[PDB]
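Below is one structure, written out as structure tokens, with a few remarks after it.
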Amino acid sequence: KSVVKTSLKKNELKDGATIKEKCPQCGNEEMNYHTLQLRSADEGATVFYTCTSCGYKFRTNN
Amino acid sequence: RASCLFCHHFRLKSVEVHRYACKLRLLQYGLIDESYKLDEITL
Amino acid sequence: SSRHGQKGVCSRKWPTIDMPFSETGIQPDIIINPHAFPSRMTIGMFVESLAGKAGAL
Amino acid sequence: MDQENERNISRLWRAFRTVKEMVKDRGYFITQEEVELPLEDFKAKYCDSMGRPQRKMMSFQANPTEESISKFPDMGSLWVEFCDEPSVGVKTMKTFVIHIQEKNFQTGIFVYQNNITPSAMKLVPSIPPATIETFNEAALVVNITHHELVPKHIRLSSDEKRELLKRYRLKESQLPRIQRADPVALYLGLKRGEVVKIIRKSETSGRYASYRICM
Amino acid sequence: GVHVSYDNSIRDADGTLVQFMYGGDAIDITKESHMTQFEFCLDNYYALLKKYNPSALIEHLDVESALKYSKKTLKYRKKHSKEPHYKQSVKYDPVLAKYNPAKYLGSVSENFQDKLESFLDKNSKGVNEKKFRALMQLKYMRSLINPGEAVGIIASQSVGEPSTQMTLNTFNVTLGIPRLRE
Amino acid sequence: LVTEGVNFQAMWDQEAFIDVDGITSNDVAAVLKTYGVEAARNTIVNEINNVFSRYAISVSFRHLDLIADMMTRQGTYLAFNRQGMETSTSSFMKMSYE
Amino acid sequence: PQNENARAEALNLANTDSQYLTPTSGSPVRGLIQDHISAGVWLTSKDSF
Amino acid sequence: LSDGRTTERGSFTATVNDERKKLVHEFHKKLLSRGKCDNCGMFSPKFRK
Amino acid sequence: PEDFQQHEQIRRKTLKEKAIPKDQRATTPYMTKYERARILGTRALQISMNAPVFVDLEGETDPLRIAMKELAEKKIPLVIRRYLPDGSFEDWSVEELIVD
């Protein structure tokens with residue numbers, strides 16, 4: 001009953017953060033990122049990935 | 001608190017008290033099936 | 001430490017004879033490993049490094 | 001019109017289909033299509049002409065297969081009983097306490113509907129040669145041995161429990177203990193001191209036989 | 001102090017049993033990494049022959065027992081492959097339930113037996129099989145557990161050391177260590 | 001489907017739309033009450049592996065089968081705590097925990 | 001250690017050579033590190049004569 | 001004892017220890033609360049710490 | 001007196017009821033990394049206490065590596081007693097075991 005998008009529908013989230021990195025578990029070259037920096041500042045970029053076809057999760061360690 | 005100064009037994013009956021003790025004689029041996037067979041004798 | 005956050009221990013006091021000379025015969029002072037940078041991405045150390053050239057005259 | 005009278009027979013049918021899977025598993029002689037007894041053929045035999053069922057018609061008796069008696073040397077007759085009272089009375093048990101004790105079975109099963117009177121629970125172990133196993137018929141909708149997370153239990157006899165406690169040089173009380181009140185130990189009817197065998201399909205190396213004992 | 005005993009039953013230090021073989025098939029994780037690399041062990045057959053040297057070896061352990069009782073349960077399982085788990089033919093247990101893998105050549109859990117066979121049925125080109133059934137059932141024999149191994153401690157460090165990584169946070173169900181504490 | 005609540009007894013009564021021989025939860029203390037103890041064991045090795053998979057840390061099942069068969073040795077879901085250690089034999093281990 | 005029942009157990013049970021695979025996943029834990037990787041691309045290249 | 005199910009020095013395992021503490025925690029459940037001594041009517045009044 | 005002897009004959013009857021005899025041994029024929037790291041341990045601690053040696057030791061002062069020289073050539077007079085957890089055991093030798 002509201003006049004703006006109160007919640008998503010089952011298709012209304014189509015991400016596009018394509019980097020051309022190799023996937024071992026499903027070969028989907030497309031793979032998004034997520035924007036964080038986890039450890040204390042004696043540690044590299046913890047700015048993650050996430051594989052986009054088989055549901056594999058990836059950690060950007062260093 | 002389970003004691004009485006006049007009968008100098010426990011407040012539970014001397015067949016209820018003997019029933020639990022005689023199970024604990026069995027359970028200091030490696031047998032549990034024969035421990036629940038002592039409750040088959042109630043007459 | 002430099003002024004960009006690159007700490008590091010003085011791992012080994014290295015003799016100046018077995019240490020690479022340069023254009024002139026200049027031998028360096030602090031060898032820092034270029035594998036340290038891509039986890040850090042401190043390009044401010046790279047632009048400080050060539051403007052120290054361009055400040056030294 | 002048939003509001004409750006549609007569900008209460010459909011739930012009772014799978015409850016009956018549960019019981020003719022709880023008896024065949026223990027080793028008795030139940031036929032194939034009696035396990036697969038169709039609801040259309042169920043109501044035309046075990047329900048009244050007004051469509052309501054009577055459970056007094058539904059009770060029966062089972063006798064063990066003599067191949068299983070070659071393994072369990074004394075397995076008596078099994079009696080399956082039902083109840084047409086939502087409130088089981090202590091004198092309803094006295095009808096059924098005697099009917100086991102007089103007829104000289106070995107194993108008894110009482111199916112009820114909502115509850116048993118706790119006063120009626122006093123009469124349950126009071127036939128010492130026999131056993132009485134109660135079951136809530138609302139709790140026996142679906143067999144809990146068909147579910148994928150439960151492996152295929154197999155009860156063992158004396159000539160392989162002795163081939164176990166001598167194999168691994170154990171005592172009785174050193175195996176993994178399964179409870180008395182476990183809904184699989186209430187299913188197969190495990191006494192105390194009867195090792196059951198679990199073939200659990202492990203997640204790594206497939207089928208993996210483990211053993212477990214009832215205390 | 002949960003340790004493997006000398007008959008492969010996982011037993012706590014006061015005798016009270018836990019499992020009957022270690023994890024199903026009594027293999028250390030530190031030895032199995034090439035155990036399903038059947039393509040690899042075909043390639044380096046002759047080198048891996050004289051590492052797992054059967055010449056001075058196959059006369060001190062039973063051979064032709066586990067090679068035969070397995071093929072009952074290889075044939076007898078071909079009947080009831082289309083069955084659900086409650087309808088299963090429960091006559092025949094697996095081969096490890098009768099035969100110690102440290103003693104009987106060819107006694108093999110039911111997941112490794114079905115994967116050598118699938119390798120010996122699909123990829124067979126001049127490739128023999130009796131040369132290769134020997135090694136990759138002897139390598140299963142060599143790569144067992146050591147009777148006495150501290151699998152009580154070692155499992156409890158397979159929950160500990162990765163857990164200094166799972167403090168990651170929100171981009172439902174409880175996640176990470178506050179799930180694992182429950 | 002996913003249900004944000006645990007009630008096995010009412011879901012059996014929904015058999016025309018749910019296959020009632022595949023239902024899987026995370027409340028281990030509810031599977032133990034209904035589905036025996038052997039399904040309370042296969043849930044634990046799933047629920048532990050549902051934590052190390054989302055962070056992509058493939059711990060081996062041989063470690064988890066040992067843990068789940070230690071908690072389920074007495075037929076009940078014994079935790080690792082003061083109350084779970086209360087059944088033990090070697091009594092310095094009890095004193096040296098806390 | 002201070003006795004010869006331990007000098008064999010610091011060689012044949014707990015050296016850094018039997019500790020090649022971790023038991024958590026079977027993965028290897030020991031390998032070059034930063035520049036010993038980046039010398040491989042230069043040594044095993046097709047221009048490196 | 002004529003069998004090998006026990007010794008002279010007895011058998012004591014984890015599940016037997018489980019079945020022993022359950023009685024004693026229930027034995028100390030029953031005897032703590034009661035109306036009278038029941039050999040007789042001769043009973044004692046309560047206590048308090 | 002004999003209250004030592006009645007105390008002794010029970011033990012040697014107990015100790016005879018736990019030795020699984022040699023035709024009925026049922027453990028591995030291998031030296032499972034724990035015999036091997038301890039047989040080499042204890043034997044190296046015998047050569048440090050003047051045990052009789054039975055190999056051409058070739059200037060090898062290291063007391064641990066001397067036992068390895070006798071391990072790979074089978075000159076060790078040891079017997080491994082492997083306790084099965086009820087108390088029974090199988091007295092394996094070092095000859096009849098097979099090294100990795």
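Letters A, B, ... go to the chains of the structure tokens in the order shown; residues in each chain start at 1; ligands are counted from 1 in the same order.
Non-sequential neighbours of residue 125 (chain D) (distance at most 10 Å, separation of 5 or more positions within a chain, only C-alpha atoms) are residues 39 and 40 of chain B; 97, 130, 131, 132 and 133 of chain D.
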Would you put the residues from that selection into a file with C-alpha atoms, as an mmCIF file, in the first residue's frame?
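And here is the file that came out, out07.cif:
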data_model
loop_
_atom_site.group_PDB
_atom_site.id
_atom_site.type_symbol
_atom_site.label_atom_id
_atom_site.label_comp_id
_atom_site.auth_asym_id
_atom_site.auth_seq_id
_atom_site.Cartn_x
_atom_site.Cartn_y
_atom_site.Cartn_z
ATOM 1 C CA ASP B 39 11.102 -53.166 41.252
ATOM 2 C CA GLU B 40 9.461 -56.330 39.906
ATOM 3 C CA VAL D 97 -4.483 -55.990 31.813
ATOM 4 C CA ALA D 130 4.635 -59.588 29.741
ATOM 5 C CA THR D 131 5.263 -56.082 28.417
ATOM 6 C CA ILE D 132 2.897 -53.207 27.640
ATOM 7 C CA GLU D 133 3.910 -50.434 25.238
#
Write out as an NGL selection string which residues come within 10 Å of residue 57 (chain I) when counting only C-alpha atoms, dropping same-chain ones fewer than 6 positions away.
:I and (65-66 or 69-70)
Might you pull out every residue within 6 Å of region 5-9 of chain B, with only C-alpha atoms counted and same-chain residues fewer than 2 positions away left off, and present them as a list in words?
residues 42, 43 and 44 of chain H
10 Å contact set for residue 179 (chain D), only C-alpha atoms, chain neighbours under 3 positions out, as a PyMOL selection string
(chain D and resi 176+182-186+190+192+212-215) or (chain F and resi 36-37+73-76)
Produce a file of the selected residues containing N, CA and C atoms, as a compact mmCIF listing (two decimals), in the first residue's frame.
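As a result, again00.txt now contains:
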# COMPACT_ATOMS: atom_id res chain seq x y z
N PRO D 176 28.23 -47.37 23.28
CA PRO D 176 27.38 -46.18 23.30
C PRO D 176 25.96 -46.52 23.72
N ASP D 182 13.76 -43.67 23.95
CA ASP D 182 14.05 -43.16 22.63
C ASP D 182 12.96 -43.62 21.67
N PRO D 183 12.45 -42.75 20.79
CA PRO D 183 11.39 -43.17 19.86
C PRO D 183 11.76 -44.21 18.81
N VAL D 184 13.03 -44.60 18.73
CA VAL D 184 13.39 -45.83 18.05
C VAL D 184 13.42 -47.01 19.00
N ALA D 185 13.88 -46.82 20.24
CA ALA D 185 13.78 -47.87 21.24
C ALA D 185 12.34 -48.13 21.65
N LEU D 186 11.47 -47.14 21.56
CA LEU D 186 10.04 -47.40 21.68
C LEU D 186 9.45 -47.97 20.41
N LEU D 190 12.90 -52.27 22.49
CA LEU D 190 14.17 -52.71 23.04
C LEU D 190 14.04 -52.90 24.54
N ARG D 192 16.09 -53.73 28.17
CA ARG D 192 17.40 -53.34 28.66
C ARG D 192 18.38 -54.48 28.42
N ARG D 212 25.03 -50.16 19.27
CA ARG D 212 24.53 -49.29 20.31
C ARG D 212 23.64 -50.14 21.21
N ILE D 213 23.62 -49.81 22.50
CA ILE D 213 23.00 -50.68 23.49
C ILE D 213 21.97 -49.88 24.29
N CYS D 214 20.91 -50.57 24.72
CA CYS D 214 19.80 -49.94 25.42
C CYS D 214 19.98 -50.08 26.93
N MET D 215 19.97 -48.95 27.62
CA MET D 215 20.01 -48.95 29.07
C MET D 215 18.89 -48.10 29.64
N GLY F 36 14.41 -40.12 17.33
CA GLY F 36 15.45 -40.96 17.86
C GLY F 36 16.70 -40.17 18.17
N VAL F 37 17.78 -40.91 18.44
CA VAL F 37 19.07 -40.28 18.69
C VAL F 37 19.97 -40.35 17.46
N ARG F 73 26.83 -40.08 23.14
CA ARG F 73 27.20 -41.38 23.66
C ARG F 73 26.21 -41.89 24.69
N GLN F 74 25.49 -41.01 25.37
CA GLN F 74 24.57 -41.43 26.40
C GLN F 74 23.13 -41.43 25.93
N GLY F 75 22.91 -41.34 24.62
CA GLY F 75 21.57 -41.26 24.09
C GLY F 75 20.95 -39.88 24.17
N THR F 76 21.54 -38.98 24.93
CA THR F 76 21.08 -37.61 25.04
C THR F 76 22.12 -36.66 24.49
